[PDB]
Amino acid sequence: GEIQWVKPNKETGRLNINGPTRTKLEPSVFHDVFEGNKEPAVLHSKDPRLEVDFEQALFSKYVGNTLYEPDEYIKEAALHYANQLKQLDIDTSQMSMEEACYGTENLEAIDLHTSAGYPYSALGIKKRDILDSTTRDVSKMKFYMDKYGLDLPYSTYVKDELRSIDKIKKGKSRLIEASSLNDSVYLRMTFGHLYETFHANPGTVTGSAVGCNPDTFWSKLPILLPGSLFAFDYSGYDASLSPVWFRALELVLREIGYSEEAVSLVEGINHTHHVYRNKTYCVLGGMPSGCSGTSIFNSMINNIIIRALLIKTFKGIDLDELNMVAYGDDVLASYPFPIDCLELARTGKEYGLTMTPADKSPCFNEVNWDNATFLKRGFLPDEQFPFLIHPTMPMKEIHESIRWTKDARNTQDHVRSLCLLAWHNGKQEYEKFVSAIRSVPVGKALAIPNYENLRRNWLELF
């Protein structure tokens, strides 16, 4: 992905989009009870913690483009993945505007607690002024569909969240692209059933983990991924995608039965325009993270990538013996023989991709179930039933969360949720955690789930 041009909003005639510059995060009552290295992300260019120009660090993720059209490796990869998807019998027909706005059994409704994007977000219009959960009225949408039309600019916001200290010094906050409600509606109408299928079928057929529940899913992964394990994360995945991968996505869609009308929407996310404050810019390549389908398209493009890198890097790769699951740029995968991720990474570099260990270790080592991670969690067989597998979020991560809050009004929910994560790390670790929480006045007011019940309710999921 590469920025093409930047023009002042006076010149494009786009409404400014300013977002907040102060974090919602404050230290919590547990801040000094637990150790932690994270702080809120840099939101403002005059942040005393900065050690670089802010805006330049922000947009450095657009590292440029390499390929624009598929080579023979990516064509074969695209096609193999497309065949895999066919057995799913994805309904390529258009989803109704009613189901697209207000949801289905396998697709949540448009988030009405979230911005409506450009232009509404400068016109002081909320999603709730246009949609209504109770009516399921769809006509105020169509009025606006015709008023403002489609392909409306994304609004660039910095993301308010905890980050490691290193990324704060380097001003490397995360950018998200607020989609106009129109485009979200039209994409959900175009790919809602695909969304439904993917959500209902996490695993190695979709090649996706979207819609998985780590508590039950994790016991299946060793069965879905037999053989030698390998794993990846990427650095700046979204912005590092060159247009070739959106082309490859197109072929996949067309192969599984999408009309040329449908397929044509992909170029609309490969070539995007963004408003950031008082400027307009053009990004060619890159996933506009914040468009509808982000997680899923990220994951599909990821399936094409892995396949393409395998058959271009190694001799006599049989793609039918690949098993992989992806969540965005997260990858857990298996193959009948050990895969040298260092060489895959080298080949990924040629295409503009920066591939790293899945734990952001400094080098690629052997991956196995004892050291594998997926969605930050690691894999721990239960000491009584070894075929049941605990998803283990590292306590360190759980400590980072509990030290901050955006509203102390939800301390009890915050702490309980963490508890539901922490207990997988086992009895001794859990009581260590609970103990610390109780060592402070507010902690003694908190309803903390009992370890025994947690484990009992987990077992019964099976």
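Residue numbers here begin at 1 and follow the sequence given. Rigid core (definition): largest C-alpha set, two forms, superposition within 1.5 Å.
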* Asked: Say the other structures are aligned on the rigid core; which stretch then has the higher CA RMS in 5 other deposited structures of this protein, 356-364 or 158-166?
  -> 356-364
* How do 82-90 and 227-235 compare in 5 other deposited structures of this protein: which one has C-alphas farther from this form after the rigid core is matched? -> 227-235
* Asked: Between 281-289 and 124-132, which has the larger average Cα B-factor in the PDB entry?
  -> 124-132
* Asked: For the stretches 200-208 and 160-168, which has the higher mean C-alpha B-factor as given in the deposited record?
  -> 160-168
* **Of the residues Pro386, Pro214, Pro243, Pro362, the one carrying the largest Cα B-factor as recorded** => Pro362
* **Among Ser417, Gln56, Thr411, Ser401 - the residue whose C-alpha B-factor is largest in the record** => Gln56
* Comparing against every modelled residue in the chain, figure out the third that the C-alpha B-factor of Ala41 lands in (lowest, middle or highest). => highest
* Asked: C-alpha B factor of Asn16, ranked within the chain: lowest, middle or highest third?
  -> highest
* Structure fact -> So, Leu249's CA B-factor, relative to its chain, sits in which third? The middle
* Structure fact -> Split the chain's modelled residues into thirds by Cα B-factor; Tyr237 lands in the lowest
* Structure fact -> In terms of its chain's C-alpha B-factors, the third that includes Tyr144 is the highest
